[PDB]
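Structure 1 and structure 2 below are the same protein chain in two forms, each given by itself as structure tokens.
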Structure 1
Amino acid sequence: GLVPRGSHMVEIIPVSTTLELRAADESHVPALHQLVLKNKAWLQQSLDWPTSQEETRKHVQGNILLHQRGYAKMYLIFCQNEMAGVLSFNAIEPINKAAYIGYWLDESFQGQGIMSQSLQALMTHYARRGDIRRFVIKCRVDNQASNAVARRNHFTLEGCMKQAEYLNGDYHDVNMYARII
């Protein structure tokens, strides 16, 4: 069910008249790399993004493999045809019909409700298919924006994982939210 977006035949999940998710493709690496440079300062404070463009290319290629194999998913949020952020399943547990969600949005597109609409469209898409029923978000207790997205979208705080993630020199507590659909 691919669909044309330039010479490129993409997998898309509709979101609204102006928003849609497109599966990351190699063609997205240059623009995605630039988006990452622009927001690098705060992305580095989060678990949502691991230097050069070749490094980005590597990351994208690895995720495309996982995406195609159903081990995870990597979608790019496009707003009116312009790349605005990333939304993914960091991991999928097919037997448990469970998935962990990761996400981030370029600073310029923030505050328009884009992430919630994108998130909602992603979960509805996989939940209708009956493929995923348990959606999980794990984020630093101290990442205000990531926690807000979870709280805006019917996720229940299941517990706080003590010093669960190593980032920039320290171990950080991380909240675990879930929603069953």
Structure 2
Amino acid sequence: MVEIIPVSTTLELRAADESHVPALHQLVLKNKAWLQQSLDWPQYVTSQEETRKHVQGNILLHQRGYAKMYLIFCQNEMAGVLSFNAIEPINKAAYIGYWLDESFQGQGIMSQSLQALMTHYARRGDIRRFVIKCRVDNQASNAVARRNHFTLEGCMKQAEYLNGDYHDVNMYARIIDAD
């Protein structure tokens, strides 16, 4: 049941579906070592079948409006993932998560995809409050937030376990009302 959110001449967001699993799994394996530097989970990655269960879970949430999982394709090549880890329908708030294949960084691809996604959901009107939580020492992530006009709202002490230590987490938000 295909769903695309245009981003640019070379970029688009496609709702995750079963056919994306093999390529997404490979993409995770390919970037596993570098992602483990910023994220805890790449570690537990094992088989394509387990990755499938996870996507399958997100697809149900995506369909019920309780989360979203989009894959970023650059020139028809899978380049990364942009998601709402959770949506709070009544508060019209959503928490954002993302990562890019390492050789796709530095081209404003995440910023553009993010800008397109947020715009899409604010115009639909079902999400107006967008949140990014990211480790205080995640430089690239904090830069995405700033560049995309999120307001720092606070800092959560030792909120995130990563590589043997609990790290502080900046909390950013941006409110968009398509009046």
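Basically, rigid core = biggest C-alpha set you can superpose within 1.5 Å across the two forms. For numbering, take structure 1's sequence and count from 1.
Novice: Which of the two shown corresponds to the form solved in complex with coenzyme A (COA)?
Specialist: Structure 2.
Novice: Would you indicate which listed residue, out of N153, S27, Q45, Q112, moves its Cα by 2 Å or more between the two structures relative to the superposed core?
Specialist: The listed residue whose C-alpha shifts by at least 2 Å is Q45.
Novice: Quick check on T17: with the core superposed, does its CA move 2 angstroms or more between the two structures?
Specialist: False for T17: its C-alpha shift is below 2 Å.
Novice: May I ask for the C-alpha shift of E165 between the two structures, in Å, based on superposition of the rigid core?
Specialist: Value for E165 between the two structures: 2.1 Å of C-alpha shift.
Novice: What is the C-alpha shift for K58 between the two structures, rigid core superposed, to one decimal in Å?
Specialist: After core superposition, the C-alpha of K58 moves 1.2 Å between the two structures.
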